[PDB]
Amino acid sequence: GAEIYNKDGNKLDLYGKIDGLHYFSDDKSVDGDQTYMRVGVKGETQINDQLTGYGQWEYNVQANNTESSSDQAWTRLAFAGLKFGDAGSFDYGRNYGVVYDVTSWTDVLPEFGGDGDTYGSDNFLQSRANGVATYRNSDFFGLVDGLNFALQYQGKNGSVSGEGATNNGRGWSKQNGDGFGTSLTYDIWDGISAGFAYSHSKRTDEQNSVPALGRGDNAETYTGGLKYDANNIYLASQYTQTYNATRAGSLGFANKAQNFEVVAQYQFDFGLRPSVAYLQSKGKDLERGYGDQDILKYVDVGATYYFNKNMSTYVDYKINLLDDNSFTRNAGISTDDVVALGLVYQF
Amino acid sequence: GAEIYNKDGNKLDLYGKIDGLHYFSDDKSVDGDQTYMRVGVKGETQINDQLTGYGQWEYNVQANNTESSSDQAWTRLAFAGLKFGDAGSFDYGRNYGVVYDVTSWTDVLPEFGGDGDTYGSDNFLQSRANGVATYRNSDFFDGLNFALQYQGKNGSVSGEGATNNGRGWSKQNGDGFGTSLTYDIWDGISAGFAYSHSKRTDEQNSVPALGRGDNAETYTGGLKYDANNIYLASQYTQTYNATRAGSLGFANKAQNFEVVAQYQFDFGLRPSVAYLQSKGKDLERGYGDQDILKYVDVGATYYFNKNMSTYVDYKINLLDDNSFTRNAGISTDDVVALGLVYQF
Amino acid sequence: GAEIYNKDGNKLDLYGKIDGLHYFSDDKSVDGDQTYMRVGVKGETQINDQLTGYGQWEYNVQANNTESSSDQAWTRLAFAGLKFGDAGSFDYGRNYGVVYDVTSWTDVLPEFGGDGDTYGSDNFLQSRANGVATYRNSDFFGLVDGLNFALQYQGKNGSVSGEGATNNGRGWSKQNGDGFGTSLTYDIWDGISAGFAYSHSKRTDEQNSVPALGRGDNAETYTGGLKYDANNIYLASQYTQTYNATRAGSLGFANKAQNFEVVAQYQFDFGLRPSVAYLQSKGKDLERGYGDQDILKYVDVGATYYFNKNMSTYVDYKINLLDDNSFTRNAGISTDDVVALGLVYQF
């Protein structure tokens with residue numbers, strides 16, 4: 001929120017949070033202080049009766065390391081766009097891939113869940129992504145209320161150097177070729193929603209040569225989700241089947257994967273919101289003798305207390321069900337439990 | 001610029017932009033997503049009838065790489081100052097070298113042009129620079145603007161030539177000064193001259209193969225027509241040991257010319273054509289005379305309003321691919337840019 | 001100052017400065033341009049009659065290096081908290097260790113002094129630190145005016161990897177184990193104050209194994225200080241004894257050290273504020289033959305001219321009293337004088 005400017009048809013909204021956060025875990029790469037902050041600007045300019053221009057930026061600033069540490073801040077979102085009334089909207093930039101239009105329904109845990117679990121950022125069109133052009137349509141041209149669809153194109157983001165390069169090169173794990181995706185969601189009743197999403201991206205030559213795991217020309221996702229949100233109850237599930245698109249930790253990609261997330265929450269009137277969730281990711285046909293493997297498997301229990309719209313506190317308990325094996329060790333996949341405590345100021 | 005605070009003689013202006021930008025080119029180090037944003041603050045405090053204090057900060061944040069990429073944000077401007085009525089001003093910090101008081105006149109292309117082309121940032125007093133003390137004067141104690149500027153040494157990371165804020169030789173400078181002079185001859189027509197002189201550093205005279213000399217110098221003259229929906233401007237600059245011969249060093253002498261023509265239609269379209277070249281002379285290692293930069297630029301911006309615009313820009317590269325361009329890493333390919341921009 | 005948002009019980013203060021600054025010195029690691037800026041946000045939300053929530057972020061951005069330079073920006077403060085009227089306050093995040101509730105009394109020099117001198121940042125609870133939980137009480141529950149106290153806990157911040165690691169690892173010089181601290185200040189009059197602070201932290205394995213200097217399982221600080229601040233006069237002194245806590249430059253820690261700082265200032269009505277100060281740090285029982293060594297010793301003389309509350313200019317002159325010896329050279333400790341000139345815009 002925090003509208004700091006509204007004058008002559010132009011609006012500026014400064015938003016963010018300061019999340020004082022500690023993790024407790026036997027996993028030493030996760031354990032300890034996790035304090036961070038986010039700061040953002042949402043901007044809007046009226047051009048004419050039918051046309052609005054807009055932009056948005058969101059920055060993540062870690063505060064859990066020293067004043068001499070490196071790489072402590074990064075851009076989550078940065079895009080500019082036009083809204084054409086009910087003919088739709090178009091924006092280009094670093095934005096969410098459309099698959100998250102459905103998987104976001106389960107991204108509601110007090111602390112865990114979302115990107116980093118069954119999917120990641122810079123992971124084709126599953127979460128935040130460089131260089132997405134996104135068309136969105138509301139209520140199917142003002143005709144069918146509650147029916148939303150989106151169409152998305154992403155240009156190649158390639159290697160640092162050599163034949164596969166682009167200006168903005170990165171590691172094979174965060175590369176993509178040309179790709180597209182589409183999402184569709186419908187509020188069948190009030191409170192109840194269904195949704196589908198699909199994506200198709202070319203893979204790069206580095207993705208097919210450098211890591212040992214995952215081979216194929218194309219990465220694909222198919223997602224279906226359901227959501228109940230009403231009477232102080234929140235239930236949601238997401239099922240996603242992927243091809244060459246799910247990270248098998250640090251070792252590469254899974255040729256096939258099946259991802260499942262489900263969550264249930266209740267909002268009490270005095271501000272407490274308990275939460276229980278289950279998440280799994282099942283990888284199939286992995287090279288080097290790995291075969292079928294659990295990529296992710298945990299039960300999540302926790303709660304958030306909302307003091308008001310600007311302040312909350314929370315605990316989250318990740319009960320890790322993975323068995324420690326040679327795949328989990330070599331891929332860097334944590335098999336330990338984790339508790340999180342946080343105190344959050346939001347603006 | 002959005003005024004977010006104005007109370008008790010202190011004002012605070014928040015400004016910036018989000019530039020959704022894609023490049024298309026066979027040069028793979030240029031091609032692809034180039035989305036970035038800029039954010040800044042301009043602050044002004046009334047001290048007395050004859051004295052105002054001010055500061056400004058401008059930050060660049062790239063948004064075209066991943067959340068684990070490094071070195072994606074940097075400060076472009078950061079300076080504090082005093083304004084003594086109309087009798088001029090003084091500021092210290094990271095700011096534009098006074099040469100840009102004239103070369104800024106051709107820095108108006110939809111996307112290309114400006115720093116990175118005939119001159120760069122951290123390039124003596126040609127653009128943005130660390131540690132510049134700048135005295136400016138309107139109406140020469142009429143309509144005649146004068147600046148005098150000093151810059152302290154910015155030297156090597158370590159060794160003899162070090163300062164606290166060390167960097168590579170391409171972005172080093174010794175003690176230097178500059179001066180500029182601009183004048184509105186008619187209404188709409190301006191002329192301008194600028195000169196800079198800086199000591200070079202020991203690393204600049206020892207690590208790169210190209211460019212030797214104790215001093216860097218720039219002589220610039222420029223003209224501008226800006227009236228009747230028409231914008232014409234040119235800039236001619238001669239340099240000694242000051243212009244970068246790509247990654248190979250500096251050019252002992254160079255001649256840079258920039259010219260641009262634009263028209264601004266009432267309904268918001270602004271076509272643009274421009275020509276830029278940089279001619280390097282007397283280069284070591286058998287290079288002799290060499291084109292450093294040569295291209296025609298065509299494109300256009302459509303302004304929806306003062307806060308939103310779209311643009312296309314086409315760089316028609318005229319450099320020939322040769323031993324110098326390859327070794328110095330100078331691109332010879334064309335580029336097309338497409339962008340959509342929100343500004344506040 | 002700069003309240004940019006105050007609406008429905010929520011307020012937001014945008015603060016910072018732009019410091020145009022140049023150092024003159026024969027020390028090449030210090031000499032030259034030092035321009036930098038600070039930006040931050042103080043936020044506060046009223047929750048109920050007895051409870052206020054708040055948070056604060058402060059970022060430091062260097063502007064003295066190039067647009068391709070590395071590691072030019074960092075977080076100084078990031079914390080979130082709750083204030084429960086006169087039962088106290090609690091916050092967690094990156095914040096000041098409580099030792100600084102006393103040593104801050106001498107951190108008033110025009111430019112020098114403060115962190116970097118007798119103590120540094122990420123230096124146990126002596127200054128800004130990762131992951132401190134801080135309980136504060138002012139006026140002793142409302143019963144004794146001018147009596148303030150603090151209790152503080154800090155989780156381990158360990159190595160980058162290995163046995164001693166946490167998620168947010170750093171080098172041995174900025175590491176800490178589990179630790180606590182306490183402070184107590186009393187305003188005897190409304191200008192005269194006395195204060196004490198204590199801290200105790202576990203040392204980490206790398207602090208005992210990598211550097212040459214300093215051995216021990218615990219880091220301890222004892223600090224007493226005095227302050228006179230009224231009638232335009234400012235006198236302040238601080239004495240601190242440390243054990244395994246004071247940095248011996250790059251060589252490690254001093255098994256014990258004695259730090260002394262004293263400063264006197266006067267505020268003229270036209271805005272000039274002269275300052276003289278003296279600072280020293282005496283290290284004892286150093287290994288490798290060093291024995292007793294001066295770690296820091298200098299006299300400071302300077303002045304600040306305030307144009308108003310938003311703009312000032314200053315000179316500061318550090319007259320360095322260290323002998324150039326084997327210790328100072330090997331520990332990277334500067335022995336040269338420094339002059340600073342600055343012009344500062346603040347909001």
Side-chain angles (χ1 to χ4, degrees), chain B residues 4-5 7-10 12 14 41 43-48 51-57 59-60 70-71 73-82 90-95 115 121-122 128-133 151-156 158-168 170-171, chain C residues 1-6 12-39 59-74 271 305-314 334 338 341-347:
Chain B
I4 55 169
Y5 187 81
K7 176 181 162 190
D8 297 325
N10 303 354
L12 218 60
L14 175 72
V41 174
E44 203 175 58
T45 178
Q46 201 163 358
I47 302 169
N48 60 50
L51 195 64
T52 292
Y54 61 83
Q56 173 171 355
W57 176 58
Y59 206 51
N60 183 89
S70 61
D71 293 348
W74 54 79
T75 293
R76 289 163 56 85
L77 302 181
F79 61 81
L82 296 171
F90 177 80
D91 45 66
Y92 183 77
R94 177 176 182 76
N95 204 350
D115 56 288
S121 70
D122 294 291
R128 298 183 298 286
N130 298 125
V132 286
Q151 179 179 39
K153 183 169 166 197
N154 301 308
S156 49
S158 58
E160 306 280 312
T163 53
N164 81 100
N165 60 340
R167 67 234 15 232
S170 194
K171 301 190 171 194
Chain C
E3 189 168 87
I4 55 166
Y5 190 77
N6 187 332
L12 212 52
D13 201 64
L14 185 262
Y15 71 100
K17 68 178 187 189
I18 300 164
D19 189 344
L21 180 57
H22 200 95
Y23 283 10
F24 306 90
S25 172
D26 304 322
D27 183 347
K28 293 180 172 162
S29 74
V30 155
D31 177 76
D33 180 54
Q34 289 287 2
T35 303
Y36 73 94
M37 67 88 67
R38 308 271 169 77
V39 57
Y59 206 50
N60 184 95
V61 184
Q62 297 295 121
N64 57 337
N65 206 313
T66 72
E67 289 174 15
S68 50
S69 54
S70 297
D71 297 345
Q72 300 297 302
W74 54 84
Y305 185 73
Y306 299 99
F307 297 100
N308 63 12
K309 47 188 284 298
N310 288 80
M311 191 80 44
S312 63
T313 182
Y314 56 88
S334 185
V338 190
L341 247 72
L343 185 61
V344 194
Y345 172 75
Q346 285 164 52
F347 43 97

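Letters go in sequence order (proteins before strands), and every chain restarts at 1. Quick note: numbers below take in every heavy atom, side chains included, and nothing from hydrogens, waters or symmetry partners.
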Nearest 0.5 Å, what's the OH-OG1 distance between B:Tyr92 and C:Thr35? 4.5 Å
Atom pair OG1/CZ of B:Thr45 and C:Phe307 - distance to nearest 0.5 Å: 11.0 Å
Between C:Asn310 and B:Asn10: side-chain donor-acceptor atoms closer than 3.5 Å: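 Yes - a donor-acceptor pair under 3.5 Å links their side chains.
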Looking at every heavy atom in both [X] and [Y], which two are closest together, and how far apart are they?
X        : Y        : result
B:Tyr54  : C:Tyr345 : O-CB, 3.7 Å
B:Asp71  : C:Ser70  : OD2-OG, 3.1 Å
B:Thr75  : C:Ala63  : CG2-CB, 3.8 Å
C:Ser68  : B:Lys171 : OG-NZ, 3.1 Å
B:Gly159 : C:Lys28  : O-CD, 4.2 Å

So for [X], is it side chain, backbone, both, or neither that comes closer than 4.5 Å to the heavy atoms of chain B?
X        : answer
C:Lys309 : side chain
C:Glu67  : both
C:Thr66  : both
C:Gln346 : neither
C:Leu21  : backbone
C:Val30  : backbone
C:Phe347 : side chain

Would you mind checking which part of [X] comes under 4.5 Å of any heavy atom in chain C, side chain (CB onward), backbone (N, CA, C, O), both or neither?
X        : result
B:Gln151 : neither
B:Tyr59  : side chain
B:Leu51  : side chain
B:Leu12  : side chain
B:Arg128 : side chain
B:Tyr5   : side chain

Backbone N/O of [Y] and side chain of [X]: donor-acceptor pair under 3.5 Å:
X        : Y       : value
B:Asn164 : C:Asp33 : yes
C:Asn308 : B:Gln46 : yes
B:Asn165 : C:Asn65 : no

Option that, when pairs with chain C are counted at under 4.5 Å, heavy atom only, ranks first among B:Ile4, B:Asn48, B:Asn130, B:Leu77: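 Result: the option with the highest number of such pairs is B:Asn130.
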Comparing C:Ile18, C:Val344, C:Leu14, C:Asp27 against chain B, the one with the most heavy-atom pairs below 4.5 Å turns out to be C:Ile18
Contact winner vs chain B - C:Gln62, C:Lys17, C:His22, heavy-atom pairs under 4.5 Å: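 Between C:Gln62, C:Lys17, C:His22, the count favours C:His22.
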For side chain to side chain contact (heavy atoms under 4.5 Å, CB included), just list the numbers for C:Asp31 and B:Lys153, CA-CA rounded to whole Å, side-chain angles, deciding distance to a tenth of an Å, and then say yes or no. CA-CA 10 Å; C:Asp31 177 76; B:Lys153 183 169 166 197; over 6 Å; no
